[PDB]
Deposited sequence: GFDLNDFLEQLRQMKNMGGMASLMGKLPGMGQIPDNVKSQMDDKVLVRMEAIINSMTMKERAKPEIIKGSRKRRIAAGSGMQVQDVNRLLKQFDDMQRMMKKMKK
């Protein structure tokens, strides 16, 4: 389960925007998204770093639920 699958799942549009700012490698392997990548994605989606942190955490909550079932 990756961010390409989470994309297919005003608040919903803003979340899709953050993923639209990522590279295919970032969508395929979300763990590589550290500080510098979060800043590029944030500014690129017109959001703040906190909004990227929230989206990545919401993905991690979903990924951990998919790993349980």
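In this chain, the deposited residues that lack C-alpha positions fall in the ranges 1, 11 to 43, 104 to 105.
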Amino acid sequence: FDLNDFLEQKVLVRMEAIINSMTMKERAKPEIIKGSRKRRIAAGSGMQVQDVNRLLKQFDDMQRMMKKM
From here on, numbers count along this sequence of modelled residues.
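Take the two forms, superpose them, and find the largest set of C-alpha atoms that agree within 1.5 Å; that set is the rigid core.
Choosing between 45 to 53 and 10 to 18, the greater Cα displacement from the shown form in 8 other deposited structures of this protein, fitted by the core, goes with 10 to 18. Of the two segments examined, 56 to 64 and 43 to 51, it is 56 to 64 that shows the higher average Cα temperature factor in the deposited entry.
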